Amino acid sequence: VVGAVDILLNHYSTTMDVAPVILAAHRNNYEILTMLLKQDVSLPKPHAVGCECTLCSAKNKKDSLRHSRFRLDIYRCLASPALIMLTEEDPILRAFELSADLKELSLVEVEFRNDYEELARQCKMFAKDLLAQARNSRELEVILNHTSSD
Amino acid sequence: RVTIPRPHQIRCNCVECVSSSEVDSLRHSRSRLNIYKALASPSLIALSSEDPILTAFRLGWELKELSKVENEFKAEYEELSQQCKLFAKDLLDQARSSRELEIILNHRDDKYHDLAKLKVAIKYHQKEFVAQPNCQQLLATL
Amino acid sequence: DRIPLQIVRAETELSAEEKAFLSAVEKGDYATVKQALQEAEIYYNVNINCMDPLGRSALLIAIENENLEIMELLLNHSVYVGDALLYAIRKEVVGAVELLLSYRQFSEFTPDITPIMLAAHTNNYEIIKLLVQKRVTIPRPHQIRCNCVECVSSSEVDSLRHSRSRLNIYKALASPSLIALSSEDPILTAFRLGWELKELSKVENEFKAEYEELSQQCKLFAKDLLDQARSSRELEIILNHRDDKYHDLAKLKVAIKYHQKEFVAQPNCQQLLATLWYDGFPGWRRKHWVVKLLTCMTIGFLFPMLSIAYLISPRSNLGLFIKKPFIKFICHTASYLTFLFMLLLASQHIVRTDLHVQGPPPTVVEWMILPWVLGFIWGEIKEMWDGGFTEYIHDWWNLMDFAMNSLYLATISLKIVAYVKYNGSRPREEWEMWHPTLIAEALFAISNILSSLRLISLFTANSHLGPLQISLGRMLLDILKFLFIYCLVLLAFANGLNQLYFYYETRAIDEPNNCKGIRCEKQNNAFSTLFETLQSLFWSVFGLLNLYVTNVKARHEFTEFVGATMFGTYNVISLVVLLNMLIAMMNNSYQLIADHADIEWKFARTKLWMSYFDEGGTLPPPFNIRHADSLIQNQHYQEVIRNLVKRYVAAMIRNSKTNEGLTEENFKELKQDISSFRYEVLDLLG
Amino acid sequence: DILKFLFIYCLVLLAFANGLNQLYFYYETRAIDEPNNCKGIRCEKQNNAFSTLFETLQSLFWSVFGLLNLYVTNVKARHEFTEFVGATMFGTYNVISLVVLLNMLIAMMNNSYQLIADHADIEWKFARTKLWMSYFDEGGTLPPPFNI
Amino acid sequence: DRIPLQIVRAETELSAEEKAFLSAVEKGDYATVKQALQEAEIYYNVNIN
Amino acid sequence: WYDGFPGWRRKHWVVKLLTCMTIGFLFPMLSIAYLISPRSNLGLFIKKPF
Ligand SMILES: CC(C)CCC[C@@H](C)[C@H]1CC[C@H]2[C@@H]3CC=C4C[C@@H](OC(=O)CCC(=O)O)CC[C@]4(C)[C@H]3CC[C@]12C
Ligand SMILES: [Ca+2]
């Protein structure tokens, strides 16, 4: 609604402190995300499938399904073009790296492969689109000859 | 108060009522399909059936059998059957916790903890249900 | 440099005043339009009949926006209304009927389009009815090939115009709605028109797709009307109606004549037919598969009994039993199978006679087969007589039947020419190449193949085998086309190879084991003669021709290499290229046919079933020796048709409303409605 | 589907088998007469290929693979007409079987594989579950030690 | 020549008043519909149905 | 293309076949007439494209 989101702020459920952002990102709404991210937010980091401490073992014991859905939701958020644009210094590199991760996860989480793969393709497309916006060749050079390493 | 006539069992000649087919079989056939087309509505099964999943499983099978017996109108019965099958998968997909998934897949109409419903699904060749990602995940753990 | 851009084909521009008038008509501002209309009558400053760049005048803008009010305003004043009726009909805006009511040059419509034609082309039952209510007529399309018409013969004036005019007329006559509103028997009209349109498609190579589409439109219309039947009483009245005995599924027969496959394969039609086919076998469908199997077997085994019964006491219950269609099928198929079994027995020493006696007497098995053969032929006779040469010729299989029967006839004759003229006995080896007996044996063998292959016909009956047979039949046509191309390739290389090697032909005596040809242990003289070259190239396709056959004794290396090259290129062109291409062609076809396989199958089965529904049937070997009524029938038919049309028309309208997206024009209308309302309110409140 | 196609092929085989046997059975020869006392399509020099229906059926089957030589279509007495009809029948069989039917099978199988591919995973997983379930049970020990 | 076109299976036709009544319903003019009904109750000139 | 054979489209396939055959057979005749006297009716016939 945007207007409504504004009003509410003015005054499933995989979480609640960050669920607004997680949903917005899924809603891929730049405006709403801009509003929400105004207040500092910190999505939890999806621990890798490898962990075995209660960190994950306990959860994977209480509710494996929820845990899995939770992680997918975090990634579905992190892989939102809007969020990458707003929060990442180098949007392209993030898309490259995240696409790689979302693929690995497809292999690991065989159950939700299609989901994790769609997200990967989404990231790949985003980067292509951002390149498509180049207009002169000076820009192309800056982009294709830049490194994130000192 | 509303009621949908119960369609006679497949091949129920004993009932002379089925012997009405002699008169206006066309009507007989259409009327039957209409009844099944209704009993196979996801929403009706949801509102009326006590166990929506099991009802769908069973109805989807009967409809398949009818598809064979009623050579004509086969496609219709087959479509209605798929509607039922997908409905069951869709309800399963709406599960959010493992506790739920286990309660559903291990329920015995009437031991428990024997994945009774999953077994019924395999019996009724409910492939989509048995292949649902979350269901496959549980099985793997086992 | 910089290419300048100017308007090369200019046209008068609209005065600002005129431009405003048209703008108002588009926004729905009745007041301004009204004012301008009144002012113009005084100061003559705006050409009420002005036209936008796209050629749209005020009335046309109003019509498109469907503002009937502004339309009347314009019409009240003297606005040119040329072709306006046509634009309204196209937009399908009933209400613009005011155009019809009111009474007193760029057109998007060709000059031949009359109001009724366009209405038909749009298929709006309501608009068409309105027009039909007033005296309207559509020109009659001269029959195909009507050069005698002279007028049509006078197509030289404008072939394009003539062709278009014709398509337009047919595109109108082929409207489901007009057929429904104006035809006494809508179903037959669609059947006949569908046929004509198909034929026209062939004659008019160009415009073929259009004519074909129209034909399908007609074929669907008929199927759809049938689908609206709600009781078996109706289906009967419809399927048994005779245009003018009845109760003969007369209309179903006409449908087959006109190849209305969809109509025939309609579920209910099939259901009625099944009842008739499986008479005397209540619930043959629900019976267990094995149960049915046994019952079928039993019936078949008693075929001689049943046949005889009917031959003797037709009235007897047994005599009556054979008359049932499914039974005839069982009995008639059993008879054949036994005939084929007898054939097998003919070649198994059963009554094998000396292989050294020329002109042998007919063996016992042979005697037994005779009756069947004569019968088959007699049956075909009845087929041709009843159906007519054209009809009999139509069925491809009957051709097969013809060949098989002729071969058998020839075998019999040769047996006679041998029984007589060859009473002696000689070692088979001594027998000449054309000894009547040898030729007869060959012909019988050839027929034995055709007879057995005929069994494929029975596949149509099965729900599993039938569908496949149809698909195969379609793909076979493609193979035929390919064969033509291959034959040219084969001949091309055949000529070349014969042209290269005919110089090195050798005598059989010179050859080893006095064998000359490709069918010897040591293949030789493969390309020496054209006939052998053709054979050799054929067998090479299957890898049965060795490579050493491309060498010459004298060992002329150059010639040999050229010869091998030709053979090699032939192999590549045929096997690697042409063949793999046939596969591609067959594949494409398959997918295509696959979708309409059922309707192609059921149509066939119906024809088969309909064949037995006849009065006279008997297995091949055991052949041995008031106007008031019509009026009533027509009344009932018309009543049913009235109901079926009403149901159909309604259904179509529903489908359109629920399965048609909102187009841009709709947006524009909605916008105008809001705008017009706004202006009105603002004026009243202002 | 392949099975259905096979039925048609069989019918064709039977037909040509009956025909061929019908023409060459007049010219059957003894094994002793045959070189190396070998009679059949499986001898160094194929012989009496169409002499008997059983042999004719075998010969036609192997022809599908090109393992049947063409010299088998000639009779020793050398009756030209018969041999030609025989070769022509054999040839027509080859065309109908290899060029036509065989190729058609390819088309049919391509059509189905396409469809099956649409629902491959669900099918596989349903199957896999059934397998996994079988072991999920408790009555299970390997076959060698299965019996006490 | 020309093929005359007529309505073969004819059906009763709506009077002008009746046509207007139904037309109002398609435009949603409650007032006119209401009036037509009331008048029909009095002058019995339109078959509401 | 079909000038000289108006209605060729309407012509029965057999009829067509017949016409084509005759012309082809007489090809030498038509070929010569043209050479001798293009103006000759026969000379005119070969000029038609079909
Ligand atoms: C495969 C080899 C052994 C050749 C076998 C030759 C015959 C014994 C087969 C070949 C085709 C068969 C026929 C194929 C078609 C049918 C239709 C079938 O009917 C149905 O499938 C549906 C029920 C109905 O006919 O109404 C009855 C058996 C029959 C005659 C089959 C009888 C057995 C036939 C003659
Ligand atoms: Ca016949």
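Residue numbers (the authors' numbering), protein chains in the order written: chain A, 122 to 132, 154 to 292; chain B, 165 to 274, 283 to 314; chain C, 16 to 119, 135 to 274, 283 to 663, 702 to 762; chain D, 516 to 663; chain E, 16 to 64; chain F, 315 to 364. Just so it is clear, CB atoms sit at the ideal spot from N, CA and C, and this is done for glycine as well.
Here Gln629(D) is exposed: its Cβ has fewer than 16 other Cβ atoms, across all protein chains shown, within 10 Å.
Contact of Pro145(C) with chain E is not assigned, every C-beta pair being separated by 8 angstroms or more. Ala166(A) is positioned such that its CB atom lies closer than 8 angstroms to that of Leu175(A). If you ignore the 5 residues before and after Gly357(C), its C-beta comes within less than 6 angstroms of the C-beta of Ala347, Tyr348 and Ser351, all in its own chain and listed in chain order. In terms of Cβ geometry, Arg17(E) and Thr140(C) do not form a close pair [threshold 8 angstroms].
Shown here for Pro342(C): same chain residues with a beta carbon closer than 7 angstroms to its own, the five before and five after excluded, namely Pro660 in chain order. Annotation for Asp424(C) indicates a beta carbon at 7 angstroms or more from all heavy atoms of ligand 2. Take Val179(B), set aside five residues on each side of it, and the residues of its chain with a beta-carbon closer than 7 angstroms to its own are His172, in chain order. At a cut-off of 3 residues, not a single continuous stretch assigned as beta strand (DSSP E) sits fully inside the segment 317-366 of chain C. Think of a sphere of 9 angstroms around the beta carbon of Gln629(C): the chain D residues whose beta carbon falls inside it are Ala622, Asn625, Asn626 and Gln629, in chain order.
In summary, the residues of the segment 704-715 of chain C whose CB is separated from some CB of chain E by less than 7 angstroms are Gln714, in the order they occur in the chain.
The C-alpha of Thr597(D) is placed about 38 angstroms away from the C-alpha of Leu332(F). Contact residues of ligand 2 (beta-carbon closer than 6 angstroms to any heavy atom; chain order) are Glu418(C), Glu421(C), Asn436(C) and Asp439(C). The C-beta of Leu265(B) comes closer than 8 angstroms to at least one C-beta of chain A. Residue contact check for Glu173(A) against chain B: no CB pair falls below 8 angstroms. The closest CA to that of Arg165(B), considering only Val292(B), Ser212(B) and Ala220(B), is found on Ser212(B). The beta strand (DSSP E) runs lying completely inside the segment 222-253 of chain C and spanning 3 residues or more number zero.
Among the CB atoms of chain C, one or more fall inside 8 angstroms of the CB of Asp188(B). Less than 8 angstroms separates the beta-carbon of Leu227(B) from that of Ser245(B).
For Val108(C), the CB contacts under 8 angstroms within the same chain, skipping 5 residues up- and downstream, are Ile78 and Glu81 in chain order. A distance of 8 angstroms or more separates the beta carbons of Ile431(C) and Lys645(C). Distances from the CA of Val610(C) to each of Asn64(C), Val579(C), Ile63(C) and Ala635(C) were compared; the closest alpha carbon is that of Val579(C). If you check the C-beta of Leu218(C) against ligand 1, you find no heavy atom less than 7 angstroms away. For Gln298(C), no Cβ of chain B is located within less than 8 angstroms of the residue's own Cβ. Following the DSSP letters along the chain, one finds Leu616(C) in no beta strand (DSSP E), marked with neither H nor E. Straight across, the Cα-Cα distance linking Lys49(C) with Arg24(C) is about 34 angstroms. Taking a Cβ-Cβ threshold of 7 angstroms, the residues of chain D close to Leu314(B) are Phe651, in chain order.
With a cutoff of 7 angstroms, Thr371(C) counts as near ligand 1, since its C-beta is closer than that to a heavy atom of the ligand. With a cutoff of 8 angstroms on beta-carbon distance, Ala252(B) and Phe221(B) are scored as near each other.
DSSP places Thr567(C) outside any beta strand (DSSP E), giving it a letter other than H or E. One alpha carbon belongs to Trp322(C), the other to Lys330(C), and they sit about 7 angstroms apart.
In the structure shown, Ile63(E) falls within a coil segment according to DSSP collapsed to helix, strand and coil.
Taking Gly43(C) as reference, the option from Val757(C), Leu761(C) and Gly318(C) with the minimal CA-CA separation is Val757(C).
Against chain E, the CB of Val233(C) has no partner CB under 8 angstroms away; the residue lies outside that interface. Think of a sphere of 7 angstroms around the beta carbon of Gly321(F): the chain C residues whose beta carbon falls inside it are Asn177, in chain order.
Distances taken from the Cβ of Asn551(D) to the heavy atoms of ligand 1 include none shorter than 7 angstroms.
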